[PDB]
Each structure stands twice: as structure tokens, then as C-alpha cells.
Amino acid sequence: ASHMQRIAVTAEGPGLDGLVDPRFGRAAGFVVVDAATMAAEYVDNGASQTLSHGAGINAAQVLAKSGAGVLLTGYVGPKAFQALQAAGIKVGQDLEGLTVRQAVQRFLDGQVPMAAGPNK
């Protein structure tokens, strides 16, 4: 099942100080962090990027497998959003321009509204 304190953040590559990837289904990967801990791992999303369609569905399935309960990102389309809701994952949007560390910190500080629908 999804664990609320496992926060996935779309990422352009590994590391807490890299920027959040504005894209979801075709992100390079996800930095997944335990809010307490803070232990982190990098989950590669290369498989989703090779697909002609259904990348956000595949990415949502990658996240459900990691047990993530929150996803922080820039943009997410309709089918990806539905797949995330289906998996029980809360979505934070519009986080491009932040580092991964900063997005998790803004989320924890209550500064990230959970999204009600896709924004693209």
C-alpha cells in the first residue's frame, strides 16, 4: 500500500539538490524520500520515456511499487492524474524551479496545496 511519509519527487537525475523535473510521465526518475527518516533513494524512470503513449500510467505504476504516498512535480495530464489517485497518491503541482530538497521542505511546511485535478 501507499505510505503517506514516502514522498516521491520528479527528478532530472539523482541527488537532493538537483531540480524537480517539470514533467511527470517522462521524468528521468523520482527521488523518493522518507519524511522521517530523511532517507532517500533514486528510482529510474527510463522505461516510461521509451513509450509512445501511456508514460504517466507506467510512471504511476512505478510509484505504486515503491509505496509512495505523495508525488511532487510540475505538470501532470488527465490519465496520469487518475492513475495516481487510483494508487492512493496525493499530488502537489507547480513545483518546477525548486530543488528536490526545497520541494519536500515546502510540502512539509504546509505550503503545497494538494491538487484536485491535472494541470495540463
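Residue numbers run from 1 along the displayed sequence.
The question of which stretch, 8 to 16 or 97 to 105, has the higher mean Cα B factor is settled in favour of 8 to 16. Look at the C-alpha B-factors of 35 to 43 and of 82 to 90. On average they run higher in 35 to 43. Among the modelled residues of the chain, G69 sits in the lowest third by CA temperature factor in this PDB entry. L51: CA B factor in the highest third of modelled residues in this chain (values from the PDB entry).
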